[PDB]
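Chemist: Input start.txt, format and content: compact mmCIF, C-alpha atoms.
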```
# COMPACT_ATOMS: atom_id res chain seq x y z
CA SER A 811 -7.46 3.02 11.22
CA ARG A 812 -8.74 6.17 12.90
CA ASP A 813 -5.45 6.61 14.71
CA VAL A 814 -3.71 6.55 11.35
CA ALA A 815 -6.20 9.07 9.99
CA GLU A 816 -5.59 11.44 12.88
CA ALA A 817 -1.87 11.04 12.47
CA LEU A 818 -2.27 11.87 8.80
CA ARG A 819 -4.40 14.85 9.60
CA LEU A 820 -1.79 16.14 11.97
CA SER A 821 0.75 16.07 9.25
CA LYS A 822 -1.53 17.89 6.89
CA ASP A 823 -2.15 20.56 9.44
CA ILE A 824 1.57 20.95 9.82
CA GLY A 825 2.04 21.23 6.10
CA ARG A 826 -0.54 23.92 6.19
CA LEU A 827 1.49 25.68 8.86
CA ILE A 828 4.67 25.74 6.72
CA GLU A 829 2.82 27.49 3.93
CA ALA A 830 1.34 29.99 6.37
CA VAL A 831 4.85 30.83 7.60
CA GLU A 832 6.25 31.02 4.07
CA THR A 833 3.51 33.47 3.07
CA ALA A 834 3.39 35.28 6.40
CA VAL A 835 4.33 38.91 6.88
CA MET A 836 7.45 39.00 9.02
CA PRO A 837 11.15 39.79 8.99
CA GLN A 838 12.98 37.25 6.83
CA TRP A 839 15.46 36.21 9.51
CA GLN A 840 12.53 35.48 11.79
CA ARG A 841 10.79 33.56 9.02
CA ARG A 842 13.88 31.44 8.49
CA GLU A 843 14.04 30.62 12.20
CA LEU A 844 10.39 29.60 12.49
CA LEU A 845 10.46 27.66 9.23
CA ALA A 846 13.36 25.49 10.42
CA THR A 847 11.45 24.47 13.55
CA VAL A 848 8.25 23.76 11.61
CA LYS A 849 10.02 21.63 9.02
CA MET A 850 11.45 19.51 11.78
CA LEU A 851 8.00 19.01 13.24
CA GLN A 852 6.86 17.95 9.86
CA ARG A 853 9.58 15.36 9.76
CA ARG A 854 8.68 13.94 13.12
CA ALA A 855 5.07 13.80 12.10
CA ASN A 856 5.90 12.06 8.89
CA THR A 857 8.00 9.47 10.62
CA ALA A 858 5.26 8.82 13.10
CA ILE A 859 2.87 8.28 10.27
CA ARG A 860 5.29 5.91 8.59
CA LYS A 861 5.78 3.99 11.82
CA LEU A 862 2.05 3.54 12.30
CA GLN A 863 1.46 2.30 8.81
CA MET A 864 4.38 -0.03 8.80
CA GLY A 865 3.19 -1.50 12.01
CA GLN A 866 -0.39 -2.06 10.88
CA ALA A 867 0.96 -3.62 7.70
CA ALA A 868 2.93 -5.98 9.97
CA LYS A 869 -0.22 -6.88 11.93
CA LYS A 870 -1.94 -7.83 8.70
CA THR A 871 0.69 -9.92 7.13
CA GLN A 872 0.92 -11.88 10.32
CA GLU A 873 -2.78 -12.47 10.47
CA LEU A 874 -2.56 -13.54 6.85
CA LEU A 875 0.25 -15.98 7.58
CA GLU A 876 -1.90 -17.77 10.13
CA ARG A 877 -4.54 -18.04 7.39
CA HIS A 878 -2.23 -19.45 4.76
CA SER A 879 0.68 -21.78 4.28
CA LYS A 880 3.95 -20.51 2.85
CA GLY A 881 2.84 -21.93 -0.47
CA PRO A 882 3.64 -21.03 -4.05
CA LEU A 883 0.65 -18.70 -4.13
CA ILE A 884 -1.32 -16.44 -1.77
CA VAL A 885 -4.61 -14.96 -3.00
CA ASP A 886 -6.75 -13.34 -0.34
CA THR A 887 -8.80 -10.49 1.16
CA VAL A 888 -7.39 -7.95 3.66
CA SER A 889 -8.90 -4.73 5.04
CA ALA A 890 -6.68 -1.84 3.94
CA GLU A 891 -7.34 1.87 4.51
CA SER A 892 -5.16 2.93 1.58
CA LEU A 893 -3.42 1.48 -1.42
CA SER A 894 -0.07 2.38 0.11
CA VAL A 895 -0.80 0.27 3.16
CA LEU A 896 -1.95 -2.66 1.05
CA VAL A 897 1.13 -2.51 -1.10
CA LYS A 898 3.17 -2.60 2.07
CA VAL A 899 1.39 -5.71 3.24
CA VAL A 900 2.15 -7.43 -0.04
CA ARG A 901 5.81 -6.51 0.18
CA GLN A 902 6.15 -7.74 3.74
CA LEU A 903 4.39 -11.01 2.97
CA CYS A 904 6.74 -11.51 0.05
CA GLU A 905 9.73 -10.70 2.27
CA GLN A 906 8.52 -13.33 4.73
CA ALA A 907 7.50 -15.82 2.01
CA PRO A 908 10.34 -15.68 -0.55
CA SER A 909 8.94 -18.45 -2.82
CA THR A 910 5.30 -17.20 -2.88
CA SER A 911 3.46 -15.09 -5.41
CA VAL A 912 0.87 -12.79 -3.87
CA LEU A 913 -2.27 -11.00 -4.99
CA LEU A 914 -4.49 -9.16 -2.50
CA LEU A 915 -7.78 -7.31 -2.84
CA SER A 916 -9.14 -4.93 -0.24
CA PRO A 917 -12.83 -4.04 -0.26
CA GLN A 918 -13.74 -0.37 -0.04
CA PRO A 919 -17.08 1.32 0.60
CA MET A 920 -18.88 2.47 -2.58
CA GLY A 921 -18.09 -0.86 -4.22
CA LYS A 922 -14.57 0.24 -5.00
CA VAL A 923 -11.78 -2.29 -4.63
CA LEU A 924 -8.00 -2.08 -4.63
CA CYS A 925 -5.54 -4.69 -5.83
CA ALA A 926 -1.79 -5.18 -5.31
CA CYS A 927 0.24 -8.17 -6.48
CA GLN A 928 3.83 -9.37 -6.54
CA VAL A 929 5.58 -12.28 -8.22
CA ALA A 930 8.21 -14.34 -6.45
CA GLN A 931 11.77 -14.17 -7.79
CA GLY A 932 11.91 -17.95 -8.00
CA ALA A 933 8.94 -17.83 -10.34
CA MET A 934 9.54 -17.82 -14.08
CA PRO A 935 10.25 -14.56 -15.85
CA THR A 936 7.34 -15.21 -18.20
CA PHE A 937 4.85 -14.80 -15.37
CA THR A 938 4.31 -11.04 -15.09
CA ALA A 939 2.56 -9.10 -12.35
CA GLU A 940 1.15 -6.38 -14.60
CA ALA A 941 -0.91 -8.75 -16.71
CA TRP A 942 -1.97 -10.57 -13.54
CA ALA A 943 -3.42 -7.45 -11.94
CA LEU A 944 -4.82 -6.34 -15.32
CA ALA A 945 -6.81 -9.57 -15.73
CA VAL A 946 -8.18 -9.38 -12.19
CA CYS A 947 -8.96 -5.64 -12.14
CA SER A 948 -10.16 -5.51 -15.72
CA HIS A 949 -12.65 -8.20 -14.74
CA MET A 950 -13.76 -5.69 -12.07
CA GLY A 951 -14.07 -2.87 -14.61
CA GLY A 952 -10.97 -1.01 -13.40
CA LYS A 953 -7.36 -0.70 -14.51
CA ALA A 954 -3.91 -1.83 -13.48
CA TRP A 955 -0.36 -0.54 -13.78
CA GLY A 956 2.94 -2.05 -12.74
CA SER A 957 6.04 -3.93 -13.78
CA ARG A 958 6.77 -7.58 -14.40
CA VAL A 959 7.59 -8.16 -10.73
CA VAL A 960 4.94 -5.96 -9.12
CA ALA A 961 1.65 -4.31 -10.04
CA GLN A 962 -1.37 -2.52 -8.62
CA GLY A 963 -4.91 -1.86 -9.76
CA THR A 964 -8.39 -0.76 -8.89
CA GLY A 965 -11.83 -2.08 -9.80
CA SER A 966 -15.45 -1.75 -8.79
CA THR A 967 -17.52 -4.79 -7.76
CA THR A 968 -19.03 -6.48 -4.76
CA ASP A 969 -18.38 -9.95 -6.20
CA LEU A 970 -14.92 -10.35 -4.74
CA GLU A 971 -15.02 -14.15 -4.90
CA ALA A 972 -15.13 -14.13 -8.71
CA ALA A 973 -12.12 -11.81 -8.91
CA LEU A 974 -10.19 -13.92 -6.39
CA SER A 975 -11.04 -17.04 -8.40
CA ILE A 976 -9.67 -15.43 -11.53
CA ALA A 977 -6.60 -14.31 -9.59
CA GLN A 978 -5.85 -17.86 -8.52
CA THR A 979 -6.62 -19.43 -11.90
CA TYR A 980 -4.38 -16.95 -13.69
CA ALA A 981 -1.52 -17.49 -11.24
CA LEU A 982 -1.81 -21.29 -11.17
CA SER A 983 -1.98 -21.33 -14.94
CA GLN A 984 1.43 -19.69 -14.98
CA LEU A 985 2.92 -21.40 -11.89
CA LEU A 986 2.14 -25.02 -12.75
CA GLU A 987 3.81 -24.86 -16.18
CA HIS A 988 6.57 -27.48 -16.55
```
Will you turn the file into structure tokens for me?
Modeler:
Amino acid sequence: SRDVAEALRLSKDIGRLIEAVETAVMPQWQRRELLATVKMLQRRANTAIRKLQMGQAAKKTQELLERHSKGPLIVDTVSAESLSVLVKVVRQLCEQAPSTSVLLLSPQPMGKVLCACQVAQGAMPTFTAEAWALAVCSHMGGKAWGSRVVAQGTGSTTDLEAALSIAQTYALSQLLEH
């Protein structure tokens, strides 16, 4: 968590350095030389950040797998620092569980909650992820956006159990048809 934040901060500081070099007073050839080195640093930093996130997403999906069976549906709570990380967890879980539909909520301080969901390919085209996240998040007073296969949303509540119960009812209503 903190390690990821520091990594992110490092990148931001670097980004700040590129702008300082771009707007700096110096000969242009010199500017070009320093900018090339700085951009490369930025790339390394960005990759490091990506590696850290991907890894912590991997930790989570695995913990989740212990918690659940590779069933038709996974509805659960995970701690996620960012929406991007949570979305990654959903994608990995769905890579590892090809026949499962997934919706996850991550509690945030200030009573803010994020949602990401994905629908398995095997599942019927009628079942859509956007409406799934919209029912869950709209119950939490937020909003949702996405496509038929995947969607994301945000809401604000401390009653997570109610939202999870709606998430499962909505899914099972679509999954158990015929």
Chemist: Atom CA of residue A:940 and atom CA of residue A:875 are how many Å apart?
Modeler: 24.2 Å
Chemist: Hey, can you check how far atom CA of residue A:941 sits from atom CA of residue A:968?
Modeler: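 Computing the Euclidean distance for atom CA of residue A:941 and atom CA of residue A:968 yields 21.8 Å.
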Chemist: Rounded to one decimal, what separation in Å do you get between atom CA of residue A:862 and atom CA of residue A:814?
Modeler: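 The value is 6.6 Å.
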Chemist: Which residues of stretch 946-979 of chain A come within 9 Å of stretch 910-934 of chain A, and for each one, what is the closest pair of atoms and their distance in Å to one decimal, counting only C-alpha atoms, sorted by chain and residue number, as JSON lines?
Modeler:
```
{"residue": "A:946", "atom": "CA", "partner": "A:925", "partner_atom": "CA", "distance": 8.3}
{"residue": "A:947", "atom": "CA", "partner": "A:925", "partner_atom": "CA", "distance": 7.2}
{"residue": "A:950", "atom": "CA", "partner": "A:923", "partner_atom": "CA", "distance": 8.4}
{"residue": "A:952", "atom": "CA", "partner": "A:923", "partner_atom": "CA", "distance": 8.9}
{"residue": "A:954", "atom": "CA", "partner": "A:925", "partner_atom": "CA", "distance": 8.3}
{"residue": "A:958", "atom": "CA", "partner": "A:929", "partner_atom": "CA", "distance": 7.9}
{"residue": "A:959", "atom": "CA", "partner": "A:929", "partner_atom": "CA", "distance": 5.2}
{"residue": "A:960", "atom": "CA", "partner": "A:928", "partner_atom": "CA", "distance": 4.4}
{"residue": "A:961", "atom": "CA", "partner": "A:927", "partner_atom": "CA", "distance": 5.4}
{"residue": "A:962", "atom": "CA", "partner": "A:926", "partner_atom": "CA", "distance": 4.3}
{"residue": "A:963", "atom": "CA", "partner": "A:925", "partner_atom": "CA", "distance": 4.9}
{"residue": "A:964", "atom": "CA", "partner": "A:924", "partner_atom": "CA", "distance": 4.5}
{"residue": "A:965", "atom": "CA", "partner": "A:923", "partner_atom": "CA", "distance": 5.2}
{"residue": "A:966", "atom": "CA", "partner": "A:922", "partner_atom": "CA", "distance": 4.4}
{"residue": "A:967", "atom": "CA", "partner": "A:921", "partner_atom": "CA", "distance": 5.3}
{"residue": "A:968", "atom": "CA", "partner": "A:921", "partner_atom": "CA", "distance": 5.7}
{"residue": "A:970", "atom": "CA", "partner": "A:915", "partner_atom": "CA", "distance": 8.0}
{"residue": "A:973", "atom": "CA", "partner": "A:915", "partner_atom": "CA", "distance": 8.7}
{"residue": "A:974", "atom": "CA", "partner": "A:915", "partner_atom": "CA", "distance": 7.9}
{"residue": "A:977", "atom": "CA", "partner": "A:913", "partner_atom": "CA", "distance": 7.1}
{"residue": "A:978", "atom": "CA", "partner": "A:913", "partner_atom": "CA", "distance": 8.5}
```
Chemist: Select, from A:852, A:811, A:906, A:833, the residue with the minimum atom-to-atom distance to residue A:865, counting only C-alpha atoms.
Modeler: A:811
Chemist: Can you tell me, as AutoDock Vina command-line options, the centre and edge lengths (Å, one decimal) of the axis-aligned box enclosing all of stretch 954-970 of chain A's listed atoms after padding each side by 5 Å?
Modeler:
```
--center_x -5.7 --center_y -5.4 --center_z -9.6 --size_x 36.6 --size_y 19.8 --size_z 19.7
```
